[PDB]
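Beneath this line is the structure, given in structure tokens, with notes to follow.
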Amino acid sequence: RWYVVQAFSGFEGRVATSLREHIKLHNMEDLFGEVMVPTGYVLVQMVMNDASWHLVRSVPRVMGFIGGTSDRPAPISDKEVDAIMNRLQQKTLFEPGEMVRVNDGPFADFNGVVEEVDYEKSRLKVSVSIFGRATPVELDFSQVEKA
Amino acid sequence: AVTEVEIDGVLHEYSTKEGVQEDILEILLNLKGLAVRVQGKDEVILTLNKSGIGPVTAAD
Amino acid sequence: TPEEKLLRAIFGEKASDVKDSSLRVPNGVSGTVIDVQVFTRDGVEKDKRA
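Protein chains in written order, with the authors' numbering: chain J, 8 to 46, 67 to 117, 125 to 181; chain A, 55 to 114; chain C, 896 to 945.
Next comes the structure, spelled out in structure tokens:
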């Protein structure tokens with residue numbers, strides 16, 4: 008298996024050796040076979076576990092793991108297949131504080147909470163989560179779905 | 055011999071008709087081997103008006 | 896600038912004066928179309944033919 012360790016350009020290589028530096032301190036055997044330095068993206072060979080994750084959380088904070096979720100790398104199916112499953116589940127009833135799943139524009143493959151519900155303008159200011167933060171953007175009743 | 059033909063229901067070859075066994079590419083060749091005699095004019099346009107359960111002869 | 900409000904009707908289409916290409920028929924190769932098939936991503940809209 009291969010897990011993509013996201014690191015920061017300039018010290019991105021530094022992270023790849025800082026893997027191998029801290030590997031010897033927490034040492035036993037196995038886990039890390041062949042550390043690849045391809046370059067914000069450092070591809071690292073690993074089987075899933077609790078070890079080495081604690082190490083990353085002990086020495087941050089620029090970037091973490093890549094794939095689908097940060098705890099457990101690395102899947103491939105994001106949110107469009109989730110947008111197909113929402114069709115069987117189904125509302126145009128949107129209010130402040132309800133989850134409003136986006137699937138149109140550059141905000142596709144991403145979810146969000148609606149901030150502003152306009153009935154006159156026919157828009158939903160849906161806040162999409164990007165870069166460990168938020169992005170509030172107006173997307174139509176159709177450009178989104180109720181979660 | 056046969057040269058130019060306009061299908062009623064088909065524009066381009068490489069397709070399959072609704073309710074016929076023989077494909078167009080097959081039928082193209084069936085038309086090639088057909089024999090014609092002309093006395094009166096030079097070039098003529100003719101029509102094959104046919105319908106029903108039955109085998110396509112040649113006269114009709 | 897003004898020039899963009901003065902470019903939106905020579906190219907009376909899109910929001911801006913921008914259009915290029917994708918891919919084409921190769922030079923030398925010549926043939927006939929039979930049946931075309933369309934695969935557009937679920938999320939964004941399709942054409943008349945799709």
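The beta carbon of each residue, even a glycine, is placed where N, CA and C say it ideally should be.
Contact list for residue i against chain C, beta-carbon separation under 8 Å
i	result
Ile111 of chain J	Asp937
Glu107 of chain J	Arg936, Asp937 and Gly938
DSSP-derived helix/strand/coil call for residue i
i	result
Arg167 of chain J	strand
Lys155 of chain J	coil
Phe144 of chain J	coil
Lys941 of chain C	coil
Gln177 of chain J	coil
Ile103 of chain J	coil
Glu150 of chain J	strand
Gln13 of chain J	strand
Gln117 of chain J	coil
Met133 of chain J	strand
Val108 of chain J	helix
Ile929 of chain C	coil
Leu127 of chain J	coil
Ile93 of chain J	strand
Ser917 of chain C	coil
Whole-Å CB distance - residue i paired with residue j, under 8 Å assumed
i	j	result
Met43 of chain J	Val74 of chain J	In fact, because the Cβ distance is near 15 Å, the residues do not count as touching under 8 Å.
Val178 of chain J	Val134 of chain J	5 Å
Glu899 of chain C	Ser917 of chain C	So it is not a contact: roughly 25 Å between Cβ atoms.
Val12 of chain J	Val86 of chain J	The pair is not a contact, with the Cβ atoms about 12 Å apart (cut-off 8 Å).
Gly938 of chain C	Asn137 of chain J	5 Å
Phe128 of chain J	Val147 of chain J	With 8 Å as the limit, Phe128 of chain J and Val147 of chain J do not qualify as a contact, their Cβ atoms being about 10 Å apart.
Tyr10 of chain J	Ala78 of chain J	Not a contact, Cβ separation roughly 13 Å.
Beta-carbon neighbours of residue i, restricted to chain A and to distances below 7 Å
i	result
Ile905 of chain C	Those do not exist, as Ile905 of chain C stays about 36 Å from chain A at its closest Cβ, beyond 7 Å.
Requested in this report: Report the residues of the region 132-153 of chain J with a CB closer than 9 Å to any CB of chain C, ordered along the chain.
Outcome: Within the region 132-153 of chain J, the qualifying residues are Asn137, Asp138, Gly139, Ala142 and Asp143.
Query - Those runs of the alpha helix (DSSP H) which lie wholly inside the region 67-102 of chain A and span at least 4 residues - result: Restricting attention to alpha helix (DSSP H) runs no shorter than 4 residues, the region 67-102 of chain A encloses them at 78-86, ordered along the chain.
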